[PDB]
Amino acid sequence: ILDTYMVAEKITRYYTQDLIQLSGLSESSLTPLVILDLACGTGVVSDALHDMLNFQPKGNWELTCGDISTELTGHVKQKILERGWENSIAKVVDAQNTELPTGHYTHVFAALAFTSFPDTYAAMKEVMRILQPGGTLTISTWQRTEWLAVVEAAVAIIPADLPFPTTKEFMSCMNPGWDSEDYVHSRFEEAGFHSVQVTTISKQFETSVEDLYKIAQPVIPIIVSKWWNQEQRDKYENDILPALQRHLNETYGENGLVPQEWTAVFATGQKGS
Ligand SMILES: Nc1ncnc2c1ncn2[C@@H]1O[C@H](CSCC[C@H](N)C(=O)O)[C@@H](O)[C@H]1O
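Be aware that the sequence shown starts at 3, since it is given in the working numbering, and climbs by one per residue.
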């Protein structure tokens, strides 16, 4: 689990500054700040919060870093000790059942996580419960990644007529709609948030062929489970990663850098006073 997430955090860190800006955190009048990094992964939002809030003492604001994964939580637990984040606690938190206190947080952040929750309605209700009156929820969700297009190119050089999902189909297998501004906006209002703002932001970067291969590796079995039949899996499932190796090496080289543009929906809203 953790090795894959160390590859992924090189990318998700590019989306944290806009999340924090959209939240209004810098201008917030709520004090002291009491912040949750929900589904924190390796903690990239927490990294950015400690950079922004490094003009102030540790006692003047509080941070909880919560994730369902014990392995990812342990990584953040160690980062807290290493870097001296004395105001911060990392612990296992299920977004659908947080066990966190009612009316506690001034700000909840959930970066690139809501589509992973089997019951997003339970998670939205939990966030509304654990926010203070006047508290803020700010989230990001993927609209378009481009690692998938590299796997599609690999399947295309397997010499058989094989199905492969588009960006849209892959996004919509679990929790469709969070790639749409209007859907996300409506979800915030339906959950009880006010002063909802939604926007869409792209980042342009480069990813190594080695990193693209590691991103794709755990998702290949899911892809062929959902979109291939058993005959197709029997004959060709083990051909995908070799084809991806070949595609990446021949197109970009063993240490090539693959241009990337990924786009996310950002949304924020406020609990009533
Ligand atoms: N029910 C749940 N409750 C809390 N975290 C969950 C969850 N289901 C999945 N997750 C976590 O959601 C994360 C999505 S990856 C996003 C991680 C991080 N916020 C970043 O921007 O890089 C993973 O760390 C995964 O373990």
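Cβ atoms here follow ideal geometry from the backbone N, Cα and C, with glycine treated the same way.
Inset, instruction - Taking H106 as the reference, give the member of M130, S31 and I22 with the closest Cα. - result: Stepping through the sequence shown from its first residue, residue 106 is reached at position 104. Shortest Cα-Cα distance from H106 to any of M130, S31 and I22 involves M130.
Inset, instruction - Name the two residues that bound the continuous beta strand (DSSP E) containing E252. - result: Counted from its first residue, the sequence shown places residue 252 at position 250. Where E252 is concerned, there is no enclosing beta strand (DSSP E), although the alpha helix (DSSP H) it sits in stretches over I242 to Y254.
Legend entry - Three or more C-beta pairs below 8 Å linking the region 80-88 and the region 96-116: Between the region 80-88 and the region 96-116 there are fewer than three inter-stretch CB-CB distances shorter than 8 Å, so the stretches are not counted as touching.
Legend entry - Distance cut-off 8 Å: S197 Cβ against heavy atoms of ligand 1: The residue given as residue 197 occupies position 195 in the sequence shown. No, Cβ of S197 sits at least 8 Å from all heavy atoms of ligand 1.
Inset, instruction - On a CA-only basis, which of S28, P167 and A162 is nearest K228? Give me that one, please. - result: Taking the first residue of the sequence shown as position 1, residue 228 is located at position 226. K228 has its Cα closest to that of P167, out of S28, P167 and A162.
Inset, instruction - Have a look at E256 and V211 and give me their C-alpha separation to the nearest angstrom. - result: As a working note, residue 256 is residue 254 in the sequence shown. As a working note, residue 211 is residue 209 in the sequence shown. Those two C-alpha atoms are separated by around 7 Å.
Legend entry - Those residues which DSSP pairs with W264 across a bridge: As a first step, residue 264 must be located in the sequence shown, where it is residue number 262. Paired residues: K205.
Legend entry - Cβ-heavy atom distance, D213 to ligand 1, below 8 Å: For this step, residue 213 is matched to residue 211 along the sequence shown. No.
Inset, instruction - To the nearest angstrom, report how far apart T270 and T18 are at their CA atoms. - result: In the sequence shown, residue 270 corresponds to position 268, counting from 1. In the sequence shown, residue 18 corresponds to position 16, counting from 1. The C-alpha of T18 is placed about 14 Å away from the C-alpha of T270.
Legend entry - Euclidean distance between Cα positions of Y254 and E148: Walking along the sequence shown from the start, residue 254 turns up at place 252. Walking along the sequence shown from the start, residue 148 turns up at place 146. Taking the straight line from one Cα to the other gives about 15 Å.
Inset, instruction - Return yes when at least one heavy atom of ligand 1 lies under 8 Å from the C-beta of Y17, else no. - result: If you number the sequence shown from 1, residue 17 lands on position 15. Here the distance from the Cβ of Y17 to the nearest heavy atom of ligand 1 is below 8 Å.
Inset, instruction - Give every residue of the same chain whose Cβ lies closer than 7 Å to the Cβ of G136, excluding the five residues on either side of it in the sequence, and list them in chain order. - result: As a position in the sequence shown, residue 136 is number 134, starting the count at 1. Closer than 7 Å at the Cβ level, and outside the excluded window around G136, lie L32, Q272, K273 and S275.
Legend entry - Close Cβ partners of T66 (< 6 Å) along its chain, the five nearest in sequence each way excluded: In the sequence shown, counting from the first residue as 1, residue 66 sits at position 64. Around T66: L38 and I91.
Inset, instruction - Using only alpha-carbon positions, find the residue among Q234, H109 and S48 that is nearest to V78. - result: The sequence position of residue 78 within the sequence shown is 76, counting from 1. Looking at the Cα atoms, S48 is the closest of the given residues.
Legend entry - Cutoff 7 Å; reference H52; Cβ partners in own chain excluding five residues on either side: As a first step, residue 52 must be located in the sequence shown, where it is residue number 50. Closer than 7 Å at the Cβ level, and outside the excluded window around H52, lie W87.
Legend entry - Identity of the residue in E171, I70, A41 and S204 nearest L150 by Cα: Residue numbering aside, residue 150 sits at position 148 when the sequence shown is read from its first letter. Cα-wise, what sits closest to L150 is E171.
Inset, instruction - Starting from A115, trace the alpha helix (DSSP H) both ways and give me its first and last residue. - result: Within the sequence shown, numbered from 1, the residue matching residue 115 stands at position 113. Where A115 is concerned, there is no enclosing alpha helix (DSSP H), given that its DSSP letter is neither H nor E.
Inset, instruction - Determine the direct distance from the alpha carbon of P165 to that of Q232, and round the result to whole angstroms. - result: As a position in the sequence shown, residue 232 is number 230, starting the count at 1. As a position in the sequence shown, residue 165 is number 163, starting the count at 1. Each residue's alpha carbon lies about 13 Å from the other.
Inset, instruction - May I ask you to report which of helix, strand or coil DSSP gives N62? - result: Your numbering for residue 62 matches position 60 in the sequence shown. In the structure shown, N62 adopts helical secondary structure according to DSSP, grouped into three states.
Inset, instruction - Could you name the residues of the same chain whose beta carbon sits closer than 8 Å to that of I222, not counting the 5 residues immediately before and after it, in chain order? - result: Within the sequence shown, residue 222 is the residue found at index 220, counting from 1. Answer for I222: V153, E239, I242 and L243, listed in chain order.
Legend entry - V47 CB to nearest heavy atom of ligand 1 below 8 Å: As a first step, residue 47 is located in the sequence shown; it is residue number 45 there, counting from the start. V47: yes, Cβ under 8 Å from ligand 1.
Legend entry - Enclosing beta strand (DSSP E) for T168 [first to last residue]: The residue labelled residue 168 in the question sits at position 166 within the sequence shown. The continuous stretches of beta strand (DSSP E) do not include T168, and DSSP gives it neither H nor E.
Inset, instruction - Can you give me the start and stop residues for the alpha helix (DSSP H) that residue 277 sits inside? - result: Residue 277 lies beyond the range of the chain shown here (3 to 275); nothing can be said about it.
Legend entry - DSSP state of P223 mapped onto helix, strand, coil: The count along the sequence shown starts at 1 and reaches residue 223 at position 221. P223: helix per DSSP, three-state reduction.
Legend entry - Every unbroken beta strand (DSSP E) within the region 32-85, with a cutoff of 3 residues, ordered by chain: For the region 32-85, whole beta strand (DSSP E) runs of length 3 or above, ordered along the chain, are 35-40 and 63-69.
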